[PDB]
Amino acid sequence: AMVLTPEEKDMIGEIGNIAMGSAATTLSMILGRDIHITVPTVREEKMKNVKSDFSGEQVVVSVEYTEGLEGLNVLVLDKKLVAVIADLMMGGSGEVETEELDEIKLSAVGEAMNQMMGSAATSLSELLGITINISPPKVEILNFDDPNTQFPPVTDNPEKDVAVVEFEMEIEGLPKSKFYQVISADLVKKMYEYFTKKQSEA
């Protein structure tokens, strides 16, 4: 049933700290605050159960991997986090109290996402020793409470597995926040082939 080994999950956490950590550093450079990221959780999940893991209206940012890696990479951020980041990108302190979002705020988070995932892919490419290209990040709002909505096709079959990665983000002067990433187990196995090859090259 479960295709991902503890080693593969451990790699996810390790490369996640480096790649997403790189995304945090550029983000930190854009803003004038220190930003740290950690990966407390890595969960294997059947594709059919992913949507039930999230609730409420949220923002999903996806990027398509090309040459080196092929697949969908999805980021799931809640309205509150999106609003905090948007306010920050627009000059504010980030300490707002609302879930209200518009095309302008969504435009500001899209730029932040642009810079972040660009760094993540760059960090990942250097890490795995292979060039990985990404399509421009598509930002959209998905209502998980709407029974008709479907989580983006990270996998093409409800019985194929996926990895749901949890990231904890600490921005200076603001309360801890978190977001999630979901990639196919297919992609993870592929990253592991590249990863193990150079762990052997001691």
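So that there is no doubt, residue numbering starts at 1 and follows the sequence shown.
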Q) Which of the two stretches, 105-113 or 118-126, shows the higher mean Cα temperature factor in the record? A) 105-113
Q | Which of 44-52 and 138-146 has higher mean CA B factor, as the PDB entry lists it | A | 138-146
Q) Which one of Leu31, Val154, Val39, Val164 shows the biggest C-alpha B-factor in the PDB entry? A) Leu31
Q: Just say lowest, middle or highest third for the CA B-factor of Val61 relative to the other modelled residues in its chain.
A: middle
(Q) Looking at the temperature factor on the CA atom of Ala1, which third of the chain's modelled residues does it land in? (A) highest
(Q) Considering every modelled residue of the chain and its Cα B-factor in the PDB entry, is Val96 in the lowest, middle or highest third? (A) highest
(Q) Going by the CA temperature factor in the PDB record, which third of the chain does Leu72 belong to: lowest, middle or highest? (A) lowest
Q: Consider only the C-alpha atoms of the modelled residues in this chain, order them by B-factor as the entry records it, and name the third containing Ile85: lowest, middle or highest.
A: middle
